[PDB]
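One letter stands for each residue in the lines below.
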Amino acid sequence: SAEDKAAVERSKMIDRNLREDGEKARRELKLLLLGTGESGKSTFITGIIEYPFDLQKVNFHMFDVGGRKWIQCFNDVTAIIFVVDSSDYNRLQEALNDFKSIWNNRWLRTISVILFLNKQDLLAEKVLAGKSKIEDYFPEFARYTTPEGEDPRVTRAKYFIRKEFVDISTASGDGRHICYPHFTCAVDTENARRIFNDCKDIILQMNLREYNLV
Amino acid sequence: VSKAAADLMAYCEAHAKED
Amino acid sequence: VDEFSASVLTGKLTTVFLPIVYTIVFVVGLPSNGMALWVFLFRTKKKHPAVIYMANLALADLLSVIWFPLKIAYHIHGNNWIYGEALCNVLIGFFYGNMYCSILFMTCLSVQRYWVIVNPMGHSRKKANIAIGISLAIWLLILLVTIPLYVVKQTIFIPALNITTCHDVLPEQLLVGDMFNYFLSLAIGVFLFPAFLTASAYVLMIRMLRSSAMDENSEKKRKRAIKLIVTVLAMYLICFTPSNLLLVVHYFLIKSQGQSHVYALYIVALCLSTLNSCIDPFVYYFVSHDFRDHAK
Amino acid sequence: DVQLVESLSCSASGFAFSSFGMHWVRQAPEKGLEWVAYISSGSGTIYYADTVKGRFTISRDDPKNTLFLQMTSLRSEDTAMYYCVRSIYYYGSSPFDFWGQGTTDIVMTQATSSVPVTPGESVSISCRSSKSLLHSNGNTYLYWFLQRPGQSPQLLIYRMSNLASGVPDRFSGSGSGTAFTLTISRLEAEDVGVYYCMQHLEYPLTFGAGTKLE
Amino acid sequence: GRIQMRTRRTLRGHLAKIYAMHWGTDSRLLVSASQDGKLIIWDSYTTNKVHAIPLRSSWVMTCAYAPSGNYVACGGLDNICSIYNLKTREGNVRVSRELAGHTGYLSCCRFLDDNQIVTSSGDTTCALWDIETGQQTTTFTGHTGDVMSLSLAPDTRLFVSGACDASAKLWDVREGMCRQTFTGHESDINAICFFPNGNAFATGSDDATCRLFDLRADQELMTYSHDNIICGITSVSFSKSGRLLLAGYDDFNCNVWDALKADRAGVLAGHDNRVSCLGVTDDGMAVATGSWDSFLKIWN
Ligand SMILES: CC[C@H](C)[C@H](NC(=O)[C@H](CC1CCCCC1)NC(=O)c1ccno1)C(=O)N1CCC2(C=Cc3ccccc32)CC1
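Residues numbered from 1 in each chain as written, not as in the entry; some residues may be left out. Chains lettered and ligands numbered in written order. Heavy atoms only, no water. Residues with missing side-chain atoms left out of burial classes, pairs and counts.

**Things to note about the overall build of chain A**
So the rule is basically this: Only runs of H or I of at least four residues qualify as helices and only runs of E of at least two qualify as strands under DSSP, and these elements are numbered from the N terminus. Computation of the radius of gyration draws on C-alpha atoms alone. For the globule rule, the value is 2.2 Å times the number of residues to the power 0.38.
Of regular secondary structure, chain A possesses five helices and six strands. Reading chain A from its N terminus to its C terminus gives the helix and strand order α-β-β-β-β-α-β-α-α-β-α. Over its C-alpha trace chain A gives a radius of gyration of 21 Å, far above what one expects of a compact globule, namely 17 Å for 214 residues.

Next up, the structure:
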């Protein structure tokens, strides 16, 4: 038993280091990046691309799996970040279908999705110049009207594109997870703060749920 | 072909005595 | 005893109204808090800090009413105590000991929530220890203040009525110097100060959840918590302020005027405090959907 | 490869010093071996021999991979060769693996002082103990060391049956409870030396007398 | 007959979801992997931790134990099967080789022996390597979906893999071509294991059913499912006898299944989250189980 006590001492030495490593990683928030190609996934902010950043003394660890069923591994992340090219109407429905698969995923029913409708400048000029008509792909746009400088026409189209995804979000969320749509460009430096504020509210909705306030 | 299940059952029963 | 007290001690107030109130509290409080301890201890897989305080609160409210089956018989029999001096001391001790314990554990939840919601620093791993550490410091304190309820004779026999009063009638000396300080310190120290934290903690939570700094996407779920904070705080105040306010007035006039007539108002105002023992499980535990899922 | 140099202080290189508990073993000019002290990984536990208990002190500092030994009051009994020995304790580990070059209660005895040996023989060594080394674990905490002339002892067998790494198949320990043996099949020229047996059930780690093969 | 097992040990120390677990050949040592980024060697008998191996990539999906016990392997989203040396003279655990070459994530790794390991990946192919040089000696293309699990025969002459295409393929280790096609699952196959005879294997798919395929018939020998179980299987293992079949469901509890009667005969509900890994000792006297709860449990 003399050697067993030296082994039991070793396990506690291992356990001490295991606990001390956990407390370092507990304060760092994990984020998953998803989105179709030609989106600003890699610009708006190993075998799989990593990106760490910290705002207000809070560390974020952001993942982009270039190489879905690996999505299960990202259960219990702080928030999914989904980037979609709002300018390309032809591929928007394909991106809309992708967001449906992610939002109603079996293992993402508690993970809030931070949605970025990227490259809003390209959307503004595309309809501001009138070169292409959105109603070809979305007939219901002819009936939509904006509820809210910003040109009225681009804003009407801008909020219609969001409404399509938020309608997808609110149809099944039931308050377990919430989608947070945004508009951003490749030059928008505030895209990091949007994730920070959104993760504060994602954490708050978790404290409210687990402390029986909800 | 139909006796494969019976063969496996006999295998398990013979082995079970000395699990 | 005065002629008025005879009517109170034999009237429909204490003979009829109270036994009904304490009967329903026991029948809907004991099993409801009983199921609450079932989930918090058996089916809850982790010792989350909220579970620590809520489990203790369920215990405090459950223990407060276990002796009410003896109090129901006390009143229907005409305020006649046949179970001896021993059980009257524990029935008083458990009743005020747990009732004032609940006031403290609902102060732990109000302050526990305040730190988490307002300062999400997230060290919940180590706070599970603080919850048990704070939880024990309250049970011990409750025991240390419940001692005078056991070492003091309570049952008095009144020849003019042929009844024995467990707590309603006491000597003047006890009620004027011994209990004027045990209960004044109990109401001021174990209710008024904990009420300051619970009222302060929850109004600050409402102020934060109403702030414009919150994201508008959670407004629907953020305003449901606002209504539950007011529900929790309102039940805390209207169930314990009346009885505790009349307790200070009751014992204040006895020392200065010898006025013992206020006890009639206090016993009715104490019905609200016992009602809270069964209100809490429907306001703390059975409001969230996940807890109801575990119950099923 | 693995190195332990001494001059008391012991310098460690070529192995994870912090992960090894260390011993001090001393040898009078010819009186066998004696476990001076012991320190575990992380300096958690310290043991001393009854002869130096409280008089000697053992200290260890991981960052510079150095082990120390200090004497409060020297006596004529302490003149001896002092050895730096490493040991790591986990399930299948082999304690007392490596010995330094040296710097100038269970009782165990050996019935043999010295024997002549020739190559090609099958000589066997024997040892005795005052207690049953077979623990309820099924392990038997017996150890074997070979001290060739002018060389530090080297581990041959740990726990009475397990062949140490880097030692030829020739050596094979055996025993049961209290009676132990060490077989040397196909005796070769380099096998000439003094053989020591050791116990590790309880401290102090008492050594045997020493059988000098010629 | 009914089976009841009573969590004789609880292995605590993982701080994230456990994803894979492999028993040592001695039925006492145990390696487990979690998203924490640590590959922990456990002393099952005493619940001691022998080694704690920091992984370069925390997104590990599989762990292996070398049959000799000298090495362990880890693989996952890093697209690499790392090999670790447990018998280093320096006393620490260090990487011996990194088996890069897979185009998708690795879902299962299994040592055939030292200097030979077979891995499966999400790129729809398996590869048989040598660790001395780190070159794929063989590749086993033929799947149309991500491969999820591997099971080496007792003679290690063949191995079976399951893919998201709801098909399981047996492979000739020494020749490289597929030798058998098995199908019937209505969704992804998520776990595969070998019946101890080596002539059969059990598949666990996301369609919430297990099924037994015999290499000699490739037919539906048995179907393990029930109306009240509507969740997939995450891990599948066999007892030493082969009469007992264990499977880790996403309903947070493993189910023991009579491999011949096809009826459930036990439950190992002791986890608060999805059961991910599950394996029986070579001795047959223990049954470890890991889950996303982050605790392993030894069941006897
Ligand atoms: C300062 C008066 C004193 C408070 C006492 N009154 C009470 O016991 C009231 C009674 C309460 C009943 C319901 C209606 C309201 C009044 N109960 C509390 O005040 C009470 C209970 C708990 N905490 O407080 C009181 O009138 N006398 C006078 C008679 C007395 C003296 C000798 C004596 C011999 C045998 C029998 C009674 C007595 C006891 C003292």
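Read on for the rest.
**Things to note about the interface of chain A and chain C**
What counts here: We call two residues in contact when some of their heavy atoms are within 4.5 Å. Here the quantity called buried area is the total loss of accessible area, with a 1.4 Å probe, experienced by two parts when brought into contact, counted for both. We count a salt bridge whenever a side-chain nitrogen from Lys or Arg sits within 4 Å of a carboxyl oxygen from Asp or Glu. Polar contacts here mean pairs of N or O atoms no more than 3.5 Å apart (in protein, one a potential hydrogen donor and the other a potential acceptor; neighbouring residues in sequence count only if both atoms are side-chain atoms). Classes in brief: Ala, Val, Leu, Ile, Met, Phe, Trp, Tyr, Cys and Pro nonpolar; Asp, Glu, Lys and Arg charged; the others, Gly included, polar.
Facing the 21 residues of chain A at the interface are 31 residues of chain C. When the buried area of chain A at its contact with chain C is split by residue, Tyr211, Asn212 and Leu213 of chain A rank highest and sum to 38% of it. Remark: the boundary between chain A and chain C carries zero salt bridges. On inspection of chain A and its partner chain C, the count reaches five residue pairs in polar contact. Elements that contribute at least two residues to the side of chain A that touches chain C include exactly β6 (179-184) and α5 (191-210) of chain A. Top contributing element to the side of chain A that touches chain C by residue count: α5 of chain A, with 10 residues. The residue makeup of the side of chain A that touches chain C, split by class, is 10 nonpolar, five polar and six charged.

**What to know about a nonpolar patch on the surface**
Residues and elements named next belong to chain C. As a reminder of what qualifies: For patch building, the residue pool is restricted to those with more than 30% relative accessible area and no salt bridge; the joining distance is 9 Å between like charges and 5 Å between nonpolar side chains (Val, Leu, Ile, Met, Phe, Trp, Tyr). A 1.4 Å probe and the Shrake-Rupley method give the accessible areas. Residues count as covered only by the protein chains that appear here. Think of it in three bands: residues with accessible area under 20% of the maximum for their type are buried, residues over 50% are exposed, and the middle band is partly exposed, with areas taken using a 1.4 Å probe on protein chains only.
Residues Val16, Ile20, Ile24, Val27, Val28 and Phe282 make up a contiguous nonpolar surface patch of about 510 Å² in total accessible area. Per-element tally for the nonpolar patch: the top contributor is helix α2 (residues 12-43), with five residues. Relative to the assigned elements, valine 28 resides in helix α2. Residue classification places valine 28 among the partly exposed positions, given a relative accessible area of 31%.

**Let's talk about the UniProt feature "repeat: WD" in chain E**
Spelled out, the test is: UniProt positions are given in the numbering used here, feature names are shortened, and annotations may be inferred rather than shown by experiment.
Using the residue numbers shown here, the UniProt feature "repeat: WD" corresponds to residues 6-54, 55-100, 101-141, 142-183, 184-227, 228-269 and 270-300 of chain E. Across residues 101-141 of chain E one finds 0% helix and 59% strand; the C-alpha atoms that close the span lie 14 Å apart.

**A word on helix α1 (residues 2-25) of chain A**
Which entries qualify depends on this criterion: In a helix, the anticipated span is given by 1.5 Å times the number of residues less one.
The end-to-end C-alpha separation of α1 of chain A is 35 Å, in line with the 34 Å expected for 24 residues at 1.5 Å each. Buried residues of α1 of chain A: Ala2, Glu3, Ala6, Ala7, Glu9, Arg10, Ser11, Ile14, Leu18 and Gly22 of chain A, and no others. In this structure, the buried residues of α1 of chain A make contact with β4 (34-39) and β12 (142-147) of chain D together with β4 (38-43) and β5 (48-54) of chain E.

**A short note on the interface of chain E and chain D**
The partner chain D presents 12 residues to the 10 residues of chain E that form the contact. For the pairing of chain E and chain D, the buried interface totals around 860 Å² over both sides, and the portion due to carbon and sulfur atoms is 55%. Linking chain E with chain D are three residue pairs in polar contact, by the criterion used here. Of the residues contributing to the side of chain E that touches chain D, the split by class is two nonpolar, three polar and five charged.

**Side note on the arrangement of the chains**
By contact count, the leading pair among the six pairs of chains in contact is chains A and C. Contact between chain A and chain B is absent, and the least distance between their C-alpha atoms amounts to 30 Å. When C-alpha atoms are compared, chain B and chain C, though not in contact, are closest at a spacing of 35 Å.

**Regarding the environment of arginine 43 of chain C**
Residues and elements named next belong to chain C. Its place among the elements puts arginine 43 in helix α2. Counting along the chain gives 110 residues from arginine 43 to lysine 153, while the straight-line C-alpha distance between them is 43 Å. Contacts of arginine 43, omitting those with residues within four sequence positions, involve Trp38, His294, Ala295 and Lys296. At a separation of 2.5 Å, a polar atom in the side chain of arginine 43 contacts the main-chain carbonyl oxygen of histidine 294.

**Here we look at the sheet that holds strand β15 (residues 158-163) of chain E**
Residue and element names in this part refer to chain E. Which entries qualify depends on this criterion: Any two strands are treated as partners once DSSP identifies two or more bridges connecting them. A fitted line through C-alpha atoms serves as each axis, taken over the contacting stretch for helices, and the angle formed by two N-to-C directions is quoted from 0 to 180°.
Spatially, the four strands line up as an open sheet ordered β14-β15-β16-β17, and their pairing is antiparallel. Looking at the sheet topology across the chains shown, the edges are occupied by β14 (147-152) and β17 (178-183). Recorded for the sheet is a direction-independent mean angle of 20° between the axes of neighbouring strands. In this sheet, strand β16 (residues 167-172) lies alongside β15 in antiparallel orientation, the contact comprising six bridges. Bridge pairing in β16 links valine 160 to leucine 170.

**Quick notes on the pattern of salt bridges**
Here the structure, examined in full by the defined rule, presents 28 salt bridges over all chains. Across the salt bridge formed by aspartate 98 of chain A and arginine 68 of chain A, the nearest N and O atoms sit 3.1 Å from each other. One end of the pair, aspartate 98 of chain A, is in helix α2 (residues 89-103); the other, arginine 68 of chain A, is in the loop between β3 (58-64) and β4 (79-85), with 30 residues separating them in the sequence. One salt bridge connects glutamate 220 of chain E with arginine 211 of chain E, and the closest N-O pair in it is separated by 3.7 Å. On the accessibility criterion, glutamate 220 of chain E (38% relative accessible area) is partly exposed. Taken together, the salt bridges that share partners define one network made up of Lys69 and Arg106 of chain A together with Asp188 and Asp206 of chain E.

**Section: the site of the ligand**
All names here are of chain C. Basically, it comes down to this: We call a residue near a given molecule or strand whenever any one of its heavy atoms falls within 4 Å of it.
In the neighbourhood of the ligand, 16 residues make up the surrounding shell, with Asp168, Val169, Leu170, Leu175 and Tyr251 lying closest. In the environment of the ligand, an oxygen atom lies 2.8 Å from a nitrogen or oxygen atom belonging to the backbone of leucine 170. Contact distances for the ligand include 2.9 Å between a nitrogen atom and a side-chain N or O atom of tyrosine 251. Relative to its free-state accessible area of 800 Å², the ligand is covered by the protein chains to the extent of 78%. Of all elements in the fold, only α1 (3-10), α8 (219-256) and α9 (263-279) reach the threshold of two or more residues within the shell around the ligand. A breakdown of the residues in the shell around the ligand according to their chemical character gives 11 nonpolar, four polar and one charged.

**Observations regarding the packing of aromatic side chains**
Let me state the cut-off plainly: Ring geometry is summarised as follows: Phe, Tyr and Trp rings, the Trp one being its six-membered ring, pair when their centres sit within 6.5 Å, and such pairs are stacked at plane angles under 30 degrees, edge-to-face over 60 and tilted between the two. The rule for a charge over a ring is simple: NZ of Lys or CZ of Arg within 6 Å of the ring centre, and within 35 degrees of the ring normal.
The full count for this structure, using the stated rule, is 57 aromatic pairs over all chains. Grouping aromatic residues by their ring pairs yields a cluster made of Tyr22, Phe68, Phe95, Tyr96, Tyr182, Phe183 and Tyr251 of chain C. The ring of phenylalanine 95 of chain C is capped by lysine 71 of chain C, whose NZ or CZ atom sits 4.2 Å from the centre of that ring. Here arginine 60 of chain D stacks its cationic end above the ring of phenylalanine 17 of chain D, 4.8 Å away from the centre of that ring.

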